[PDB]
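S.K.: To start, I am sharing the structure in question, which I have written as structure tokens.
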There are 2 protein chains.
Amino acid sequence: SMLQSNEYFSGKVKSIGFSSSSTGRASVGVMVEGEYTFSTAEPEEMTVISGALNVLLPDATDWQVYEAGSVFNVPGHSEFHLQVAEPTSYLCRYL
Amino acid sequence: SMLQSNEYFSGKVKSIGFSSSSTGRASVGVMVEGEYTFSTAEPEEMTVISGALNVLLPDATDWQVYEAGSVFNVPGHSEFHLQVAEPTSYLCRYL
């Protein structure tokens, strides 16, 4: 199995990518305070492990605050937006 | 806030370290198939995010299988042992 460390946005997001039978392709990582735009290929399932994300999804008007334990889904071939206050850890699965 | 990528055991364990108000000092990471010995400073709280760990704790005889969603605690200044099959992601908090 391959594990790889990834960095995005000048180091403000860092993750470990992997693949397993139970998750499919996935990442676990952390984001620090900031505002970020992400583009998906496959649809993505995001789980907030610790901290919180303000989430704007493409097909719905309102931002929503997702605290630790919450899960949201992003469609494929789409753009979504996040805002972060305290460092926030997450699991992302590429569905 | 600082985020740092860490590698252990010749790359078989990789993690992102961070610190936040809700977690204290913590890591999120992934381990691949293998058997690992860890030494603690502070006591540690481990959460299995995906996959599974076979866990041997210092003050109890039996190994126990911790699957996704489960949480265990390791005392400080101690050694514990893990066995991994499929890649397994985790959150570790330094208490």
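Residue numbering restarts at 1 in every chain; chains get A, B, ... in the order shown in the structure tokens, and ligands count up from 1 in that same order.
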When the cut-off is 7 Å and we count only C-alpha atoms, which residues of chain B are near chain A, given as a PDB file with N, CA, C and O atoms, in the first residue's frame?
M.R.:
```
ATOM      1  N   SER B   1      -0.915  28.896  13.047  1.00  0.00           N
ATOM      2  CA  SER B   1      -0.859  27.477  13.410  1.00  0.00           C
ATOM      3  C   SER B   1       0.111  26.697  12.542  1.00  0.00           C
ATOM      4  O   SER B   1       0.154  26.868  11.324  1.00  0.00           O
ATOM      5  N   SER B   5       4.182  17.503   8.300  1.00  0.00           N
ATOM      6  CA  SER B   5       4.113  16.116   7.876  1.00  0.00           C
ATOM      7  C   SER B   5       5.247  15.321   8.509  1.00  0.00           C
ATOM      8  O   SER B   5       6.404  15.758   8.497  1.00  0.00           O
ATOM      9  N   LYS B  14       2.598   7.556   8.325  1.00  0.00           N
ATOM     10  CA  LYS B  14       2.761   8.969   7.994  1.00  0.00           C
ATOM     11  C   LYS B  14       1.616   9.748   8.619  1.00  0.00           C
ATOM     12  O   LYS B  14       0.477   9.264   8.657  1.00  0.00           O
ATOM     13  N   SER B  15       1.910  10.959   9.100  1.00  0.00           N
ATOM     14  CA  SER B  15       0.893  11.737   9.798  1.00  0.00           C
ATOM     15  C   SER B  15       1.117  13.226   9.577  1.00  0.00           C
ATOM     16  O   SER B  15       2.185  13.664   9.133  1.00  0.00           O
ATOM     17  N   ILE B  16       0.074  13.997   9.885  1.00  0.00           N
ATOM     18  CA  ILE B  16       0.131  15.454   9.956  1.00  0.00           C
ATOM     19  C   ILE B  16      -0.047  15.834  11.418  1.00  0.00           C
ATOM     20  O   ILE B  16      -1.089  15.532  12.018  1.00  0.00           O
ATOM     21  N   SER B  20      -4.713  22.328  18.342  1.00  0.00           N
ATOM     22  CA  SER B  20      -5.919  23.145  18.307  1.00  0.00           C
ATOM     23  C   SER B  20      -6.522  23.210  19.699  1.00  0.00           C
ATOM     24  O   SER B  20      -6.225  22.386  20.566  1.00  0.00           O
ATOM     25  N   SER B  22      -9.578  22.542  20.621  1.00  0.00           N
ATOM     26  CA  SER B  22     -10.459  21.430  20.958  1.00  0.00           C
ATOM     27  C   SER B  22      -9.725  20.107  21.131  1.00  0.00           C
ATOM     28  O   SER B  22     -10.239  19.227  21.830  1.00  0.00           O
ATOM     29  N   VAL B  28      -3.088  13.424  12.864  1.00  0.00           N
ATOM     30  CA  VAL B  28      -3.902  12.503  12.078  1.00  0.00           C
ATOM     31  C   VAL B  28      -2.982  11.805  11.093  1.00  0.00           C
ATOM     32  O   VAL B  28      -2.067  12.421  10.544  1.00  0.00           O
ATOM     33  N   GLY B  29      -3.201  10.519  10.882  1.00  0.00           N
ATOM     34  CA  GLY B  29      -2.304   9.825   9.991  1.00  0.00           C
ATOM     35  C   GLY B  29      -2.847   8.503   9.512  1.00  0.00           C
ATOM     36  O   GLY B  29      -4.017   8.166   9.729  1.00  0.00           O
ATOM     37  N   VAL B  30      -1.959   7.749   8.866  1.00  0.00           N
ATOM     38  CA  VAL B  30      -2.288   6.447   8.296  1.00  0.00           C
ATOM     39  C   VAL B  30      -1.130   5.495   8.547  1.00  0.00           C
ATOM     40  O   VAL B  30       0.040   5.899   8.512  1.00  0.00           O
ATOM     41  N   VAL B  32       0.201   1.455   7.323  1.00  0.00           N
ATOM     42  CA  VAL B  32      -0.009   0.316   6.429  1.00  0.00           C
ATOM     43  C   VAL B  32       0.277  -0.994   7.148  1.00  0.00           C
ATOM     44  O   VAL B  32       0.711  -1.003   8.306  1.00  0.00           O
ATOM     45  N   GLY B  51     -10.452   1.616   8.901  1.00  0.00           N
ATOM     46  CA  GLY B  51      -9.605   0.442   9.019  1.00  0.00           C
ATOM     47  C   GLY B  51      -9.720  -0.211  10.384  1.00  0.00           C
ATOM     48  O   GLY B  51     -10.794  -0.194  10.990  1.00  0.00           O
ATOM     49  N   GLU B  86      -5.274  -3.850   6.552  1.00  0.00           N
ATOM     50  CA  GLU B  86      -5.496  -2.831   5.542  1.00  0.00           C
ATOM     51  C   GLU B  86      -5.059  -1.469   6.086  1.00  0.00           C
ATOM     52  O   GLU B  86      -5.014  -1.264   7.304  1.00  0.00           O
ATOM     53  N   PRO B  87      -4.695  -0.535   5.205  1.00  0.00           N
ATOM     54  CA  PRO B  87      -4.321   0.809   5.671  1.00  0.00           C
ATOM     55  C   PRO B  87      -5.391   1.378   6.585  1.00  0.00           C
ATOM     56  O   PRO B  87      -6.588   1.255   6.317  1.00  0.00           O
TER      57      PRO B  87
END
```
S.K.: Extract, using only C-alpha atoms, all DNA, RNA and protein residues at most 10 Å from region 73-76 of chain A, discarding same-chain residues fewer than 6 positions from it, and format them as an NGL selection string.
M.R.: :A and (39-47 or 56-59 or 92-95)
S.K.: Those selected residues, please, written with C-alpha atoms and delivered as a CSV table (one decimal), in the first residue's frame.
M.R.:
```
chain,number,residue,atom,x,y,z
A,39,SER,CA,-12.4,21.4,-7.3
A,40,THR,CA,-13.6,17.8,-7.3
A,41,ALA,CA,-13.1,15.0,-9.9
A,42,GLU,CA,-15.0,12.1,-8.3
A,43,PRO,CA,-17.7,13.1,-5.8
A,44,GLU,CA,-16.2,13.5,-2.4
A,45,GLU,CA,-17.4,12.6,1.1
A,46,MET,CA,-15.9,14.7,3.8
A,47,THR,CA,-15.9,13.9,7.6
A,56,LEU,CA,-20.6,26.2,0.7
A,57,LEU,CA,-21.8,23.6,-1.8
A,58,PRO,CA,-22.5,24.3,-5.4
A,59,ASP,CA,-26.2,23.5,-5.7
A,92,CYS,CA,-12.0,12.8,2.5
A,93,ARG,CA,-13.1,9.9,0.4
A,94,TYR,CA,-13.0,9.9,-3.5
A,95,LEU,CA,-16.2,8.1,-4.3
```
S.K.: Can you list, as a list in words, every residue of region 39-78 of chain B that DSSP puts in strand (DSSP E or B)?
M.R.: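 Listing strand (DSSP E or B) positions across region 39-78 of chain B yields residues 39, 44, 45, 46, 47, 48, 49, 50, 52, 53, 54, 55, 56, 64, 65, 66, 67, 71, 72, 73 and 74 of chain B.
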S.K.: Between A:55, A:9, A:38, A:62, which one has atoms that come closest to residue 78 (chain A), using only C-alpha atoms?
M.R.: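 So, comparing all the options, the nearest one is A:38.
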S.K.: Show me, as a ChimeraX atom specification, the residues that have an atom within 10 Å of residue 35 (chain A) when counting only C-alpha atoms, minus same-chain residues fewer than 5 positions from it.
M.R.: /A:12,53-54,81-85
S.K.: Work out how far CA of residue 80 (chain A) is from CA of residue 25 (chain A), in Å to one decimal.
M.R.: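 Spanning CA of residue 25 (chain A) to CA of residue 80 (chain A) is a straight-line distance of 19.4 Å.
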S.K.: Do you have the CA of residue 8 (chain B)-CA of residue 69 (chain A) distance handy?
M.R.: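 About the pair CA of residue 8 (chain B) and CA of residue 69 (chain A): they are 27.5 Å apart.
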